[PDB]
file coords.cif (mmCIF, C-alpha atoms (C1' of nucleotides); chains and numbers go by the auth columns)
data_model
#
loop_
_atom_site.group_PDB
_atom_site.id
_atom_site.type_symbol
_atom_site.label_atom_id
_atom_site.label_comp_id
_atom_site.label_asym_id
_atom_site.label_seq_id
_atom_site.Cartn_x
_atom_site.Cartn_y
_atom_site.Cartn_z
_atom_site.B_iso_or_equiv
_atom_site.auth_seq_id
_atom_site.auth_asym_id
ATOM 1 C CA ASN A 1 158.132 -85.050 -38.297 0.00 585 V
ATOM 2 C CA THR A 2 154.824 -86.132 -36.786 0.00 586 V
ATOM 3 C CA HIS A 3 152.405 -88.606 -38.355 0.00 587 V
ATOM 4 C CA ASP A 4 149.901 -86.056 -39.712 0.00 588 V
ATOM 5 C CA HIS A 5 152.191 -83.659 -41.621 0.00 589 V
ATOM 6 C CA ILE A 6 151.870 -83.075 -45.412 0.00 590 V
ATOM 7 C CA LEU A 7 154.831 -83.425 -47.864 0.00 591 V
ATOM 8 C CA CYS A 8 155.811 -81.221 -50.888 0.00 592 V
ATOM 9 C CA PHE A 9 158.328 -83.514 -52.720 0.00 593 V
ATOM 10 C CA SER A 10 160.516 -81.778 -55.402 0.00 594 V
ATOM 11 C CA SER A 11 162.036 -84.152 -58.058 0.00 595 V
ATOM 12 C CA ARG A 12 165.192 -83.802 -60.197 0.00 596 V
ATOM 13 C CA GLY A 13 162.928 -82.424 -62.921 0.00 597 V
ATOM 14 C CA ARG A 14 161.596 -79.905 -60.358 0.00 598 V
ATOM 15 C CA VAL A 15 157.997 -81.101 -60.137 0.00 599 V
ATOM 16 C CA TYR A 16 155.669 -80.634 -57.168 0.00 600 V
ATOM 17 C CA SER A 17 154.289 -83.997 -55.994 0.00 601 V
ATOM 18 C CA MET A 18 152.016 -83.810 -52.955 0.00 602 V
ATOM 19 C CA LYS A 19 151.652 -86.567 -50.368 0.00 603 V
ATOM 20 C CA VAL A 20 150.962 -87.266 -46.689 0.00 604 V
ATOM 21 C CA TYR A 21 153.038 -89.229 -44.181 0.00 605 V
ATOM 22 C CA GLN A 22 150.268 -91.817 -43.782 0.00 606 V
ATOM 23 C CA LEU A 23 151.251 -93.181 -47.218 0.00 607 V
ATOM 24 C CA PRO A 24 154.973 -94.176 -46.980 0.00 608 V
ATOM 25 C CA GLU A 25 155.636 -97.646 -45.618 0.00 609 V
ATOM 26 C CA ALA A 26 156.934 -98.114 -42.065 0.00 610 V
ATOM 27 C CA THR A 27 158.691 -101.127 -40.559 0.00 611 V
ATOM 28 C CA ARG A 28 161.193 -102.113 -37.882 0.00 612 V
ATOM 29 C CA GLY A 29 164.940 -101.488 -37.768 0.00 613 V
ATOM 30 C CA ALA A 30 165.740 -104.160 -40.342 0.00 614 V
ATOM 31 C CA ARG A 31 166.318 -104.504 -44.091 0.00 615 V
ATOM 32 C CA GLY A 32 163.589 -102.036 -45.092 0.00 616 V
ATOM 33 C CA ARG A 33 163.747 -100.487 -48.573 0.00 617 V
ATOM 34 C CA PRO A 34 160.308 -100.116 -50.204 0.00 618 V
ATOM 35 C CA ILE A 35 159.907 -98.955 -53.783 0.00 619 V
ATOM 36 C CA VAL A 36 159.981 -95.237 -54.575 0.00 620 V
ATOM 37 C CA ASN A 37 158.107 -95.162 -57.891 0.00 621 V
ATOM 38 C CA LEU A 38 154.899 -96.887 -56.750 0.00 622 V
ATOM 39 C CA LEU A 39 153.418 -94.115 -54.608 0.00 623 V
ATOM 40 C CA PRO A 40 153.983 -90.920 -56.676 0.00 624 V
ATOM 41 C CA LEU A 41 153.758 -90.362 -60.409 0.00 625 V
ATOM 42 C CA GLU A 42 157.372 -90.119 -61.592 0.00 626 V
ATOM 43 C CA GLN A 43 159.315 -90.498 -64.814 0.00 627 V
ATOM 44 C CA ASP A 44 162.114 -93.025 -65.280 0.00 628 V
ATOM 45 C CA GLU A 45 165.065 -90.673 -64.650 0.00 629 V
ATOM 46 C CA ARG A 46 163.891 -88.563 -61.670 0.00 630 V
ATOM 47 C CA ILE A 47 164.616 -88.723 -57.931 0.00 631 V
ATOM 48 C CA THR A 48 162.869 -86.796 -55.079 0.00 632 V
ATOM 49 C "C1'" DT B 1 87.586 -140.327 -134.252 0.00 1 N
ATOM 50 C "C1'" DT B 2 91.973 -138.189 -135.017 0.00 2 N
ATOM 51 C "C1'" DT B 3 94.810 -134.476 -134.314 0.00 3 N
ATOM 52 C "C1'" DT B 4 96.683 -129.784 -132.199 0.00 4 N
ATOM 53 C "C1'" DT B 5 98.063 -126.073 -128.229 0.00 5 N
ATOM 54 C "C1'" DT B 6 99.635 -125.175 -123.611 0.00 6 N
ATOM 55 C "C1'" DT B 7 101.091 -126.129 -118.609 0.00 7 N
ATOM 56 C "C1'" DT B 8 104.289 -127.777 -115.056 0.00 8 N
ATOM 57 C "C1'" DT B 9 107.956 -130.955 -112.468 0.00 9 N
ATOM 58 C "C1'" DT B 10 111.303 -133.520 -113.561 0.00 10 N
ATOM 59 C "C1'" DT B 11 116.342 -135.576 -116.449 0.00 11 N
ATOM 60 C "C1'" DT B 12 118.229 -132.083 -113.428 0.00 12 N
ATOM 61 C "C1'" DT B 13 124.123 -129.981 -112.973 0.00 13 N
ATOM 62 C "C1'" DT B 14 126.403 -125.439 -112.084 0.00 14 N
ATOM 63 C "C1'" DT B 15 126.769 -120.696 -109.508 0.00 15 N
ATOM 64 C "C1'" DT B 16 126.183 -118.384 -105.221 0.00 16 N
ATOM 65 C "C1'" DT B 17 125.892 -118.399 -100.455 0.00 17 N
ATOM 66 C "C1'" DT B 18 126.071 -120.438 -95.988 0.00 18 N
ATOM 67 C "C1'" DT B 19 127.765 -123.515 -92.506 0.00 19 N
ATOM 68 C "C1'" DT B 20 131.447 -126.096 -90.179 0.00 20 N
ATOM 69 C "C1'" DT B 21 136.407 -127.568 -89.341 0.00 21 N
ATOM 70 C "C1'" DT B 22 140.746 -125.003 -88.540 0.00 22 N
ATOM 71 C "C1'" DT B 23 145.181 -122.960 -86.036 0.00 23 N
ATOM 72 C "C1'" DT B 24 148.680 -116.897 -84.975 0.00 24 N
ATOM 73 C "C1'" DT B 25 148.695 -113.558 -81.456 0.00 25 N
ATOM 74 C "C1'" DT B 26 148.248 -111.056 -76.555 0.00 26 N
ATOM 75 C "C1'" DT B 27 146.520 -112.307 -71.988 0.00 27 N
ATOM 76 C "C1'" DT B 28 146.680 -116.036 -67.920 0.00 28 N
ATOM 77 C "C1'" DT B 29 148.892 -119.111 -64.861 0.00 29 N
ATOM 78 C "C1'" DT B 30 152.522 -122.402 -62.126 0.00 30 N
ATOM 79 C "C1'" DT B 31 157.390 -122.560 -61.269 0.00 31 N
ATOM 80 C "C1'" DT B 32 161.992 -120.943 -59.421 0.00 32 N
ATOM 81 C "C1'" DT B 33 164.473 -117.183 -57.788 0.00 33 N
ATOM 82 C "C1'" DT B 34 165.400 -113.271 -55.099 0.00 34 N
ATOM 83 C "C1'" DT B 35 163.749 -109.521 -51.104 0.00 35 N
ATOM 84 C "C1'" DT B 36 161.902 -109.422 -46.010 0.00 36 N
ATOM 85 C "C1'" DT B 37 161.432 -110.758 -40.610 0.00 37 N
ATOM 86 C "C1'" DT B 38 162.459 -113.325 -35.984 0.00 38 N
ATOM 87 C "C1'" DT B 39 165.513 -115.960 -32.623 0.00 39 N
ATOM 88 C "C1'" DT B 40 171.002 -117.653 -30.207 0.00 40 N
ATOM 89 C "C1'" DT B 41 175.007 -116.330 -28.773 0.00 41 N
ATOM 90 C "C1'" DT B 42 178.929 -114.600 -29.671 0.00 42 N
ATOM 91 C "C1'" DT B 43 183.254 -112.471 -29.518 0.00 43 N
ATOM 92 C "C1'" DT B 44 182.811 -108.298 -30.109 0.00 44 N
ATOM 93 C "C1'" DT B 45 181.341 -103.622 -29.831 0.00 45 N
ATOM 94 C "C1'" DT B 46 180.141 -99.936 -27.219 0.00 46 N
ATOM 95 C "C1'" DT B 47 178.411 -96.642 -22.727 0.00 47 N
ATOM 96 C "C1'" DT B 48 180.258 -94.345 -18.680 0.00 48 N
ATOM 97 C "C1'" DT B 49 184.022 -92.353 -14.389 0.00 49 N
ATOM 98 C "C1'" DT B 50 189.072 -90.347 -13.535 0.00 50 N
ATOM 99 C "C1'" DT B 51 193.802 -88.238 -15.259 0.00 51 N
ATOM 100 C "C1'" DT B 52 196.318 -85.851 -18.530 0.00 52 N
ATOM 101 C "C1'" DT B 53 199.102 -82.562 -21.969 0.00 53 N
ATOM 102 C "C1'" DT B 54 197.275 -80.205 -25.627 0.00 54 N
ATOM 103 C "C1'" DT B 55 195.990 -76.411 -29.512 0.00 55 N
ATOM 104 C "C1'" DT B 56 192.568 -73.033 -30.777 0.00 56 N
ATOM 105 C "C1'" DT B 57 190.032 -68.556 -29.060 0.00 57 N
ATOM 106 C "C1'" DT B 58 190.205 -64.416 -27.253 0.00 58 N
ATOM 107 C "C1'" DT B 59 193.463 -59.026 -24.969 0.00 59 N
ATOM 108 C "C1'" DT B 60 195.337 -55.666 -29.268 0.00 60 N
ATOM 109 C "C1'" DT B 61 196.553 -53.717 -34.108 0.00 61 N
ATOM 110 C "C1'" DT B 62 197.068 -53.991 -39.599 0.00 62 N
ATOM 111 C "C1'" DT B 63 195.294 -53.770 -44.471 0.00 63 N
ATOM 112 C "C1'" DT B 64 192.819 -55.033 -49.146 0.00 64 N
ATOM 113 C "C1'" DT B 65 189.608 -57.172 -51.945 0.00 65 N
ATOM 114 C "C1'" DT B 66 185.263 -58.179 -51.396 0.00 66 N
ATOM 115 C "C1'" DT B 67 181.546 -54.668 -50.116 0.00 67 N
ATOM 116 C "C1'" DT B 68 180.149 -50.049 -51.586 0.00 68 N
ATOM 117 C "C1'" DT B 69 178.048 -47.914 -55.878 0.00 69 N
ATOM 118 C "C1'" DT B 70 175.029 -45.920 -60.689 0.00 70 N
ATOM 119 C "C1'" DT B 71 173.480 -47.018 -64.808 0.00 71 N
ATOM 120 C "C1'" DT B 72 172.516 -49.554 -70.062 0.00 72 N
ATOM 121 C "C1'" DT B 73 170.236 -52.827 -72.002 0.00 73 N
ATOM 122 C "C1'" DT B 74 169.396 -56.877 -72.242 0.00 74 N
ATOM 123 C "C1'" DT B 75 165.565 -61.167 -71.395 0.00 75 N
ATOM 124 C "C1'" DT B 76 163.327 -63.466 -68.254 0.00 76 N
ATOM 125 C "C1'" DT B 77 158.789 -62.475 -66.775 0.00 77 N
ATOM 126 C "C1'" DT B 78 153.986 -61.708 -67.500 0.00 78 N
ATOM 127 C "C1'" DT B 79 149.768 -61.453 -70.397 0.00 79 N
ATOM 128 C "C1'" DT B 80 146.446 -63.437 -73.848 0.00 80 N
ATOM 129 C "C1'" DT B 81 145.036 -67.230 -76.360 0.00 81 N
ATOM 130 C "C1'" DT B 82 144.370 -71.999 -77.400 0.00 82 N
ATOM 131 C "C1'" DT B 83 145.127 -77.214 -76.799 0.00 83 N
ATOM 132 C "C1'" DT B 84 145.484 -81.511 -73.580 0.00 84 N
ATOM 133 C "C1'" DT B 85 144.733 -83.627 -69.760 0.00 85 N
ATOM 134 C "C1'" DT B 86 142.301 -84.383 -65.367 0.00 86 N
ATOM 135 C "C1'" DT B 87 138.196 -84.764 -62.779 0.00 87 N
ATOM 136 C "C1'" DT B 88 133.255 -84.892 -61.651 0.00 88 N
ATOM 137 C "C1'" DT B 89 127.481 -84.637 -62.984 0.00 89 N
ATOM 138 C "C1'" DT B 90 124.734 -87.332 -65.867 0.00 90 N
ATOM 139 C "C1'" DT B 91 123.089 -91.297 -68.147 0.00 91 N
ATOM 140 C "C1'" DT B 92 122.743 -96.125 -69.119 0.00 92 N
ATOM 141 C "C1'" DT B 93 122.865 -100.935 -67.989 0.00 93 N
ATOM 142 C "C1'" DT B 94 122.807 -104.951 -64.936 0.00 94 N
ATOM 143 C "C1'" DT B 95 121.843 -107.620 -60.501 0.00 95 N
ATOM 144 C "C1'" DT B 96 119.158 -109.011 -56.347 0.00 96 N
ATOM 145 C "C1'" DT B 97 114.957 -109.355 -53.673 0.00 97 N
ATOM 146 C "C1'" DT B 98 109.690 -112.714 -53.736 0.00 98 N
ATOM 147 C "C1'" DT B 99 105.455 -114.775 -56.038 0.00 99 N
ATOM 148 C "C1'" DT B 100 104.068 -116.023 -60.929 0.00 100 N
ATOM 149 C "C1'" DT B 101 104.355 -118.016 -66.380 0.00 101 N
ATOM 150 C "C1'" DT B 102 107.008 -121.504 -69.021 0.00 102 N
ATOM 151 C "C1'" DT B 103 110.290 -125.298 -69.924 0.00 103 N
ATOM 152 C "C1'" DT B 104 115.296 -128.659 -70.445 0.00 104 N
ATOM 153 C "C1'" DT B 105 118.726 -132.740 -69.261 0.00 105 N
ATOM 154 C "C1'" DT B 106 122.563 -137.235 -67.470 0.00 106 N
ATOM 155 C "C1'" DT B 107 122.696 -142.176 -65.976 0.00 107 N
ATOM 156 C "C1'" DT B 108 120.993 -148.062 -64.521 0.00 108 N
ATOM 157 C "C1'" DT B 109 118.664 -152.478 -65.879 0.00 109 N
ATOM 158 C "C1'" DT B 110 117.286 -156.383 -70.376 0.00 110 N
ATOM 159 C "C1'" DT B 111 116.188 -157.614 -74.932 0.00 111 N
ATOM 160 C "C1'" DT B 112 115.604 -156.794 -79.760 0.00 112 N
ATOM 161 C "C1'" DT B 113 116.465 -154.303 -83.854 0.00 113 N
ATOM 162 C "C1'" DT B 114 119.293 -151.205 -87.205 0.00 114 N
ATOM 163 C "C1'" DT B 115 123.876 -149.537 -88.829 0.00 115 N
ATOM 164 C "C1'" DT B 116 128.795 -149.522 -89.397 0.00 116 N
ATOM 165 C "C1'" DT B 117 133.513 -152.025 -89.750 0.00 117 N
ATOM 166 C "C1'" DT B 118 136.480 -156.550 -90.434 0.00 118 N
#

call {"tool": "encode", "arguments": {"input": "coords.cif", "output": "structure tokens"}}
result
Amino acid sequence: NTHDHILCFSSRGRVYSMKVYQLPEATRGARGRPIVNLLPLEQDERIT
DNA sequence: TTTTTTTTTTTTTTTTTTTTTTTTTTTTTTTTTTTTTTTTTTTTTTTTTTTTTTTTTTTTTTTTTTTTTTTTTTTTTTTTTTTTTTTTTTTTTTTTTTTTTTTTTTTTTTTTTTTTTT
């Protein structure tokens, strides 16, 4: 996608969490694995 | 000249309250430990021409079991109502600006006296 698209994320509990691609973290081709739970509001047992 | 009534602050020490020294629990803070990023080079992996024998798709025909199909009655869907959460106007409070009004503290230096400890 491009840098200015919007995201409709759907979790395992089937919840609509809105976001924009400005927000996820970007880095080089290396050991990159930022945290999932920090940006959206999610429960303990749910995955996008 | 003697004698009689009343008034209060002290002998007060005890009850009530206040002040002042204390130490359990949730919120900070320094340490070690584990996630990130950049270089060397290094055998190692991986990109790109040529040849080759392969093995799956397209001439043609067959059927059968998934695609047709109509209809009963469920049950998810939608409606209204009310509660819970989110979010934004509203209000309140506090801070800074520059001329005014007010104050308050810590130490040297010597020499003499109180004021506790041994």

call {"tool": "atom_distance", "arguments": {"input": "coords.cif", "atom1": "atom CA of residue 606 of chain V", "atom2": "atom CA of residue 622 of chain V"}}
result
14.7 Å

call {"tool": "resolve_selection", "arguments": {"input": "coords.cif", "expression": "the PyMOL selection byres ((chain N) within 10 of (chain V))", "output": "PyMOL selection string"}}
result
chain N and resi 35-37

call {"tool": "closest_residue", "arguments": {"input": "coords.cif", "among": "V:585, V:592, V:608, V:600", "to": "residue 626 of chain V", "atoms": "all atoms listed in the file"}}
result
V:600

call {"tool": "resolve_selection", "arguments": {"input": "coords.cif", "expression": "the PyMOL selection byres ((chain V and resi 588) around 8)", "output": "number ranges by chain"}}
result
V: 586-587, 589-590, 604-606

call {"tool": "atom_distance", "arguments": {"input": "coords.cif", "atom1": "atom CA of residue 625 of chain V", "atom2": "atom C1' of residue 85 of chain N"}}
result
14.6 Å

call {"tool": "resolve_selection", "arguments": {"input": "coords.cif", "expression": "the PyMOL selection byres ((chain V and resi 601) around 12)", "output": "number ranges by chain"}}
result
V: 590-600, 602-604, 621, 623-626, 631-632

call {"tool": "atom_distance", "arguments": {"input": "coords.cif", "atom1": "atom CA of residue 627 of chain V", "atom2": "atom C1' of residue 86 of chain N"}}
result
18.1 Å

call {"tool": "axis_aligned_box", "arguments": {"input": "coords.cif", "around": "segment 7-24 of chain N", "padding_each_side": "8 Å", "output": "JSON"}}
result
{"center_x": 124.9, "center_y": -126.2, "center_z": -101.8, "size_x": 63.6, "size_y": 34.7, "size_z": 49.6}
